[PDB]
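Enquirer: Take a look at the following structure, please.
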Amino acid sequence: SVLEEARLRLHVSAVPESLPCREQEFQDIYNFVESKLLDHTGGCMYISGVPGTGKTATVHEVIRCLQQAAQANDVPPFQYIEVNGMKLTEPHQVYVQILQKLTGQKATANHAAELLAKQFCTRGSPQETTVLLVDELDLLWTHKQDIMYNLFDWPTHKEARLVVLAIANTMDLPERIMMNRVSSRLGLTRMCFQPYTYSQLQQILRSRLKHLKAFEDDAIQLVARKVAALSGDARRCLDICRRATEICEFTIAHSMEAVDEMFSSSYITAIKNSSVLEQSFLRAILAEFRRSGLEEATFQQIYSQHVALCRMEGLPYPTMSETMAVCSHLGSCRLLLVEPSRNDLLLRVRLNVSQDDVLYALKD
Amino acid sequence: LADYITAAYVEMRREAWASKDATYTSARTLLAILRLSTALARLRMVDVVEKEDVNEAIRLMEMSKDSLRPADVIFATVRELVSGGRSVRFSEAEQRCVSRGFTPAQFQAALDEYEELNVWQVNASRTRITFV
Ligand SMILES: Nc1ncnc2c1ncn2[C@@H]1O[C@H](COP(=O)(O)OP(=O)(O)OP(O)(O)=S)[C@@H](O)[C@H]1O
Ligand SMILES: [Mg+2]
């Protein structure tokens, strides 16, 4: 079906061959390592960007192009190694992960680091140029900063033949996280990937659905505009498109339902569907806060206000245990803040949501 | 002039209430400004107090106390038609904008300019506008 085809094309893992939306950046990268591949000299580059900008996809596409060029005997052969920071149980273990990738040897972290140092500092046999990719750089931090120092200092050696690209989310990392000598080593080589403009998102969506007439232009434009006005991320845009297809299986209304169901908060409806006693408890808390003006109140005054409200409403007299049970149930779903494990009558209570939201939920 | 005098006295007393260091503007301030206006009327030799005397009295009291685009208009016009509805008819908004003294070209320009800001989306048939 056409809807099935659209669902298949819009999947996240369905990477396109090449989209010129980042071609400029691509071209820049396509030069740098290329020069480093032609002069037989290593280098280092730091790329910082918000998630969802296609940094990993761009790097992988560049690596694919370089591999294809090498297969066509235009670039000297090279060894590619990729490591992910957050896929590692311990930081130092990365030394093993690199080593086993280049020699297959199993060794302890200290011994693996020593062997890597010996191989990258001593004039050994002429090896292929090494292209090292490290993902999630900020998660390799250490109080001693030895791993990061070695990673960004080893390509400085001529014998290393090492090219390193560090992908991260924070552009401040080389300044407030990285010390002085290593800061200048990555200095002047920072690539920043700006979020996609609504035109870029529209181009990406149109490229996803080429030769396929399933969505109207207004819905796609509104989805792209909303994404640009919210986060400017392609992943959530694809998710919204998929959910809109799902709803259409059941117009712009579909996209609106998707966006306001997958982004909006559910606190208001949870408060609305609460029980009567919970509503009385919330009203008592609000009344006590208005009387006092403080954002922290002991459980005793709240209980007194609740008793007064129950007397006003004519409800039966509530016991302390019932009120404490209701308080615990409310605190379980993170609507309030309390530590009732030991203290019972002297519990500080703080609202986890804005007061105006509570008012708008309780007016109805 | 009584209504204007009452409005001015209200403004002055509101200002004196907002400021804690201002003198207590009780009935005596109104009596004083009335006396000032009557004195000015006597000075100008007129049997009826005019608004110029009241303005001069207000000026004197204030000095004494001091010693101590078409796009926006059209956007407001179409905002007036958001009384409980998300979508607005094109013809009604166009007629209301023209009745305000704006040519349809300026209406189209304002519509496009506020459409750039992701405020709303206009139907391809130019018959209804859905406010985002
Ligand atoms: N050039 C591109 N044009 C259009 N969509 C793209 C492009 N590159 C990637 N995408 C899509 O955007 C998604 C995000 O790309 P990633 O590179 O995985 O995200 P990221 O920038 O690396 O951030 P994280 O936090 O590491 S996932 C990809 O899974 C693709 O679906
Ligand atoms: Mg990534």
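The numbering of chain A matches Swiss-Prot: 486-735, 747-860, in order.
Quick reminder: no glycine exception, Cβ is built from N, Cα and C everywhere.
Residues or ranges marked as ATP binding site by Swiss-Prot on the basis of experimental evidence: A:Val500, A:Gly534, A:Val535, A:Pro536, A:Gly537, A:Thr538, A:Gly539, A:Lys540, A:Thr541, A:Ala542, A:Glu621, A:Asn654, A:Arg720. Swiss-Prot lists A:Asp620, A:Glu621 with the feature Mg(2+) binding site, giving experimental evidence as the kind of evidence.
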Enquirer: Using all protein chains shown, find which of the binding-site residues A:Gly537, A:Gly539 scores highest when you count other CB atoms within 10 A of its CB.
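Expert: Per the Cβ count, the most surrounded site is A:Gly539.
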Enquirer: Test of understanding: give the count of other CB atoms lying within 10 angstroms of the CB of A:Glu621 (ATP binding site).
Expert: 16
Enquirer: Using Cα coordinates, what distance in whole Å links A:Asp620 (Mg(2+) binding site) and A:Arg720 (ATP binding site)?
Expert: 19
Enquirer: Helix, strand or coil by DSSP: which one applies to A:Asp620 (Mg(2+) binding site)?
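Expert: Looking at the DSSP assignment, A:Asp620 (Mg(2+) binding site) belongs to a strand.
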Enquirer: So which of A:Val500, A:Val535, A:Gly537, A:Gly539, A:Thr541, A:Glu621, listed as binding-site residues, have a Cβ under 6 Å from an atom of ligand 2?
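Expert: List returned for ligand 2: A:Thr541.
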Enquirer: Listed binding-site residues: A:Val535, A:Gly537, A:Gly539, A:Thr541, A:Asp620, A:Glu621. Which have a CB under 6 angstroms from an atom of ligand 1?
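Expert: Those binding-site residues that pass the cut-off, since their Cβ is under 6 Å from ligand 1, are A:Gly537, A:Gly539, A:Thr541.
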Enquirer: Taking the residues A:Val500, A:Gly534, A:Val535, A:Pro536, A:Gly537, A:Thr538, A:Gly539, A:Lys540, A:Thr541, A:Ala542, A:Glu621, A:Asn654, A:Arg720 listed for ATP, what is the greatest CA to CA distance in Å, to the nearest whole number?
Expert: 21
Enquirer: Could you tell me which of these binding-site residues, A:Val500, A:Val535, has the greatest number of Cβ atoms within 10 Å of its own Cβ?
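Expert: In terms of Cβ crowding, the pick is A:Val535.
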Enquirer: Rank the binding-site residues A:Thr541, A:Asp620, A:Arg720 by the number of other Cβ atoms within 10 Å of each Cβ and report the first-ranked residue.
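Expert: It comes out as A:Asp620.
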